[PDB]
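S.K.: here is my input; please provide its structure:
(chains A, B and C, ligands or ions: 2)
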Amino acid sequence: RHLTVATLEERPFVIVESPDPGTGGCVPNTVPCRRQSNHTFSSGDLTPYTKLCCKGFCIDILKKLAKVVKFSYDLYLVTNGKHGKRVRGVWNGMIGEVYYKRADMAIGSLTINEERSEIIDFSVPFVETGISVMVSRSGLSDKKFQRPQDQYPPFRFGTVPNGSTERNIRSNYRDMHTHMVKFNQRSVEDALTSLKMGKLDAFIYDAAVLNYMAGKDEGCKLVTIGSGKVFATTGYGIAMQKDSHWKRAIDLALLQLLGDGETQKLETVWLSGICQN
Amino acid sequence: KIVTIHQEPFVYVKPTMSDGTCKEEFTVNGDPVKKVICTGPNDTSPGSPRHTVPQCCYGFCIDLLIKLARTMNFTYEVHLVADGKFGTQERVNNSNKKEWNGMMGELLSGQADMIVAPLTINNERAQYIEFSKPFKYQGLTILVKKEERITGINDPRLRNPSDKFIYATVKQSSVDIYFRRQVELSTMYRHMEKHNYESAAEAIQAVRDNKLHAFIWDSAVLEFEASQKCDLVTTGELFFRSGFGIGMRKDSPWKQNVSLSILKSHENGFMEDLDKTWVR
Amino acid sequence: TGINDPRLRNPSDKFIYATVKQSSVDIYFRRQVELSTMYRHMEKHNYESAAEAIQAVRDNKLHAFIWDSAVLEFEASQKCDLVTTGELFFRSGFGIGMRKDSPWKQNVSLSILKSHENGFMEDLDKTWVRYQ
Ligand SMILES: *[C@@H]1O[C@H](CO)[C@@H](O[C@@H]2O[C@H](CO)[C@@H](O[C@H]3O[C@H](CO)[C@@H](O)[C@H](O)[C@@H]3O)[C@H](O)[C@H]2NC(C)=O)[C@H](O)[C@H]1NC(C)=O
Ligand SMILES: *[C@@H]1O[C@H](CO)[C@@H](O)[C@H](O)[C@H]1NC(C)=O
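M.R.: Numbering: from 1, shown residues only, chains lettered A, B, ... in the order given. Ligands and ions are numbered 1, 2, ... in the order given. For reference, the structure is listed below:
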């Protein structure tokens, strides 16, 4: 009844914080979490792991899963790679920690693709999302995307590399992928600030995170197309080790709770925005 | 074995000609629509003489099943569901155990081995039918004609039912299961058992005839008919978002194959091309 | 938009909002664990009295001030330079509270109830809060 859970920081779903110094721990709604510390990175036993408080949407849903299926869990943040990629045929991140079994399950901004699926068993997706483009204030058939390196002043747009979106683009748009590798970005908010003055024209990434951006945006900059026009409809789901027994239980519990409608309230309290409409 | 229900946004069913073949009907792009011969009763069984007349059938679900069949290289047989209803466990008359009907029952009996339809995933089905990953995303909404814009699932006029406002859903359907689970909504469920319809066509016409006031159903279906039929509008947000996922029998090996197939179809957007072929 | 605005549903640094520390609404926000984040904002801007926060809002130092209804609509009807918003989401009562042991509990209860059926506080409202 205990599992290994690991994630990294993706703002609206993952929030890391230092524990309250005046209390030692912190307020409720948060769970203890720690650095990814291996045998070499154990950093001694005087401070075996720096306690941190991790709270968020995924934290709440995993809390409900634990309280339903009656299982415990230990949480540690991930350092080696963001989430996972077949780097030289070797996976990293949560994908590496699960496939090579330093981890039991995974939760977070885990986009489900085909490759991850044959690599890692997934659950039913608890939320829907996919590809979207956001620009300061038109479709994957537009010359702005079809051949942005042929006419006009070169159109300056990009994304973050080593991601599922990058995998799909490289697998469908290798010429445009070669164009985009010129425009890679350190972080989502980094490119956001870049386009706030106009370093890059538009950003291509998850629809959900851009919804969270624009919903709280003070400038109210909207995505390339109303309603996002989400391409390659996918979601976020629980990642299980290959043919793990937990699959049936977690799927049944997750779908039952999704039908109960409280997930609507959790998304209302977590990812809602101000000027989204 | 292919089983389904005639659903205009996803399943088009027409009578074959006297010669027993499908019409050479081509798309606006000039390519013919890929149509098969699905057998089954000529009209609904109570009103029908129970003649299992084969009829031409084609559409979105048909297109995707053809694609995935070409991917897995297997033949098939197409035949719609006998009762015309989705189905659920029910302590039927003179019985004790809650028993499925519809295509779930037809599969558990073995009449069909896998379902191809815009079926909704619910936990109740999850215990008995293996759902793969969703192939489409959709939601639940309300439809009216053409002034008291209905307040989604938050209007008291729904919460305290009135004889001036008549509304219902389809029996033995996913929305029935949903309204049955939320006991707080039970009163509207009590309204349901008054006027529940049996198929989309009659309910749509009755709303167009104002026999009904508002109909709760899939987002995709309502937006499709609105973009094609007009004169009627959906209202309120998608109070319950979910997926249409291709379901199939428990523990049969093909689940992983079809799952990765629909994943790679989402990778190249082939399903998006299907939608553009079917939703303009 | 009352209480259900993501401006307040999601705590925002650009927007300032607070109350009086060591007050009932402090306990309200403390028990509402899901609202603890806004309680985190409370820790930065909590005032000590009403008048200085009122001046700050009139000086626009404070964007919004949450507090009890009666006093607030009284101030709104008197000064008219500030506007109230949000419904009385927390129904409550102003009552004479005192020690459990003393016998005046029931006596004072019945006396104030007799005044209520007599509309004595209605006359008091006409005297102090109404006609403004
Ligand atoms: C897809 O369905 C398949 C059949 O139900 C099955 O994967 C299949 O597994 C066989 C067995 O390895 C593969 O056959 C290859 O390997 C054998 C043994 O080495 C050879 O004798 C064959 O000639 C062939 O080279 C199939 O190729 C494989 N099918 C696929 C599509 O990869 C799984 O149920 C599903 N697997 C996948 C990957 O979708
Ligand atoms: C055709 O189908 C058979 C059986 O389903 C399979 O063994 C064979 O590999 C398929 N051929 C192709 C080209 O897919």
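S.K.: so residue A:66 sits against residue A:73, correct?
M.R.: Yes: if you go by C-beta atoms under 8 Å, residue A:66 and residue A:73 touch, sitting 6.1 Å apart. For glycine as for every other residue, the C-beta is placed from the backbone atoms N, C-alpha and C.
S.K.: so which strand or helix has residue C:108?
M.R.: Using DSSP states H and E, residue C:108 sits within helix C:104-118.
S.K.: how far does that helix sit from the chain's center?
M.R.: 24 Å (C-alpha atoms, centre = their mean, to the nearest Å).
S.K.: after that helix, which helix or strand is next?
M.R.: helix C:120-128.
S.K.: is it true that residue B:118 lies in a helix?
M.R.: No: applying DSSP: H, G, I helix; E, B strand; the rest coil, one finds residue B:118 to be coil, outside a helix.
S.K.: tell me, how many residues neighbour it?
M.R.: By other C-beta atoms under 10 Å in any protein chain shown, 22 other residues sit near residue B:118.
S.K.: how about the contacts made by it?
M.R.: B:7, B:9, B:10, B:61, B:136, B:138, B:218, B:220, B:221, B:244 (C-beta atoms under 8 Å, 6 or more residues apart in numbering or on different chains).
S.K.: ok, 7 Å please
M.R.: B:7, B:10, B:61, B:218, B:244 (C-beta atoms under 7 Å, 6 or more residues apart in numbering or on different chains).
S.K.: phi, psi of the residue of chain B found nearest ligand 1?
M.R.: Chain B approaches ligand 1 most closely through residue B:257 (3.8 Å), counting by C-beta to the nearest ligand atom. When read as degrees, to the nearest 10, the backbone of residue B:257 gives phi -60, psi -50.
S.K.: which ones are touching it?
M.R.: Counting by C-beta under 7 Å, 6+ apart, residue B:257 has contacts residue B:72.
S.K.: if we go to 10 Å?
M.R.: B:68, B:71, B:72, B:74, B:132 (C-beta atoms under 10 Å, 6 or more residues apart in numbering or on different chains).
S.K.: what's the answer for residue C:94, then?
M.R.: Here residue C:94 is in contact with C:68, C:70, C:121 (C-beta under 10 Å, 6+ apart).
S.K.: got it, and residue C:108?
M.R.: Per C-beta under 10 Å, 6+ apart, neighbours of residue C:108: C:95, C:96, C:98, C:102.
S.K.: between those residues, which is closest to residue B:197?
M.R.: residue C:95 (54.5 Å; C-beta to C-beta).
S.K.: the closest one and chain B: what is the separation?
M.R.: Using C-beta to the nearest C-beta, to the nearest Å, we find residue C:95 at a distance of 32 Å from chain B.
S.K.: can you tell me the helix or strand for that residue?
M.R.: Judged by DSSP H and E, residue C:95 forms part of no helix or strand.
S.K.: who's in contact with whatever residue of chain A ends up closest to ligand 1?
M.R.: Of all residues in chain A, the one sitting closest to ligand 1 is residue A:118 (6.5 Å; C-beta to the nearest ligand atom). Contacts for residue A:118 (C-beta under 10 Å, 6+ apart) come out as A:242, B:256, B:259, B:260, B:263.
S.K.: so which pair among these is furthest apart in space?
M.R.: Top of the distance list for these (C-beta to C-beta): A:242 and B:263, 16.5 Å.
S.K.: the more surrounded of these two?
M.R.: residue B:263 (22 against 11).
S.K.: quick one, phi/psi of the more buried one?
M.R.: With angles defined as degrees, to the nearest 10, residue B:263 sits at phi -60, psi -50.
S.K.: pretty sure it contacts residue A:234?
M.R.: Yes: assessed by C-beta atoms under 10 Å, residue B:263 is found in contact with residue A:234 at 8.3 Å.
S.K.: hey, what's in contact with both of these two?
M.R.: Joint contacts of residue B:263 and residue A:234 (C-beta under 10 Å, 6+ apart) are A:112, A:113, B:133.
S.K.: which of those sits closest to residue B:271?
M.R.: residue B:133 (12.2 Å).
S.K.: buried ones in the helix or strand where residue A:178 lies?
M.R.: According to DSSP H and E, residue A:178 maps onto helix A:174-181. For helix A:174-181, a neighbour-count test (16 or more other C-beta atoms under 10 Å in any protein chain shown) marks A:176, A:177, A:179, A:180 as buried.
S.K.: off-centre distance for that helix?
M.R.: With C-alpha atoms, centre = their mean, you get 23 Å for helix A:174-181.
S.K.: which residues sit against that helix?
M.R.: Here helix A:174-181 has contacts from A:140, A:145-150, A:154-159, A:161, A:165-171, A:173, A:204, using C-beta under 10 Å, 6+ apart.
S.K.: inside helices: which ones of those residues?
M.R.: Taking DSSP state H, the ones among those that sit in helices are A:145, A:146, A:165, A:166, A:167, A:168, A:169, A:170, A:171.
S.K.: mind listing the helices for the stretch 101-250 of chain A?
M.R.: Along the stretch 101-250 of chain A, counting by DSSP state H, counting those that start in this stretch, helices occupy A:114-119, A:143-146, A:164-172, A:174-181, A:188-197, A:207-216, A:246-259.
S.K.: what's the angle between the fifth one and helix A:207-216?
M.R.: If I follow you right, that is helix A:188-197. Compare the direction of helix A:188-197 with that of helix A:207-216 by axes from the mean of the first three to the mean of the last three C-alpha atoms, to 10 degrees and you get 50 degrees.
S.K.: swap in the third one?
M.R.: Between the direction of helix A:164-172 and that of helix A:207-216, the angle (the same axes, to 10 degrees) works out to 130 degrees.
S.K.: packing partners of helix A:164-172?
M.R.: Secondary-structure packing of helix A:164-172 (3 or more C-beta pairs under 10 Å, 6 or more residues apart in numbering or on different chains; DSSP states H and E): helix A:114-119, strand A:121-135, helix A:174-181, strand A:202-206, strand A:231-240, helix B:254-267.
S.K.: try the last one
M.R.: If contacts are counted by 3+ C-beta pairs under 10 Å, 6+ apart, helix A:246-259 sits against helix A:57-69, strand A:121-135, strand A:231-240, helix A:262-270, helix B:123-126, helix B:174-181, strand B:232-248.
S.K.: now swap in the fifth one and tell me
M.R.: Judged by 3+ C-beta pairs under 10 Å, 6+ apart, the packing partners of helix A:188-197 are strand A:121-135, strand A:202-206, helix A:207-216.
S.K.: for those, give me CSV that also has distance to ligand 1 and mean neighbour count.
M.R.: Below are the helices and strands packed on helix A:188-197 laid out as CSV (distance: least, C-beta to the nearest ligand atom, whole Å; neighbours: other C-beta atoms under 10 Å in any protein chain shown):
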stretch, distance to ligand 1, mean neighbour count
strand A:121-135, 13, 22
strand A:202-206, 27, 23
helix A:207-216, 28, 21
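S.K.: out of the ones you listed, nearest to chain C?
M.R.: helix A:207-216 (6.7 Å; C-beta to the nearest C-beta).
S.K.: residues from chain B in reach of ligand 1?
M.R.: Where chain B comes near ligand 1, counting by C-beta under 6 Å from any ligand atom, the residues are B:253, B:256, B:257, B:260.
S.K.: which of these count as buried?
M.R.: residue B:260.
S.K.: turn the residues of chain B next to ligand 1 into CSV, columns for distance to residue A:47.
M.R.: Converted to CSV, these look like this (distance: C-beta to C-beta, whole Å):
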residue, distance to residue A:47
B:253, 50
B:256, 44
B:257, 49
B:260, 44
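S.K.: which residue sits closest to residue B:168, ignoring its sequence neighbours?
M.R.: The shortest distance from residue B:168 to any non-neighbouring residue, by C-beta to C-beta, 6 or more residues apart in numbering or on different chains, is to residue B:195 (3.8 Å).
S.K.: the closest residue to residue C:2 other than its chain neighbours: what's it in contact with?
M.R.: Nearest residue to residue C:2 in three dimensions, chain neighbours excluded: residue C:86, at 3.8 Å (C-beta to C-beta, 6+ apart). Contacts were defined as C-beta under 10 Å, 6+ apart; by that measure residue C:86 touches C:1, C:2, C:3, C:4, C:5, C:8, C:64, C:66, C:69, C:72.
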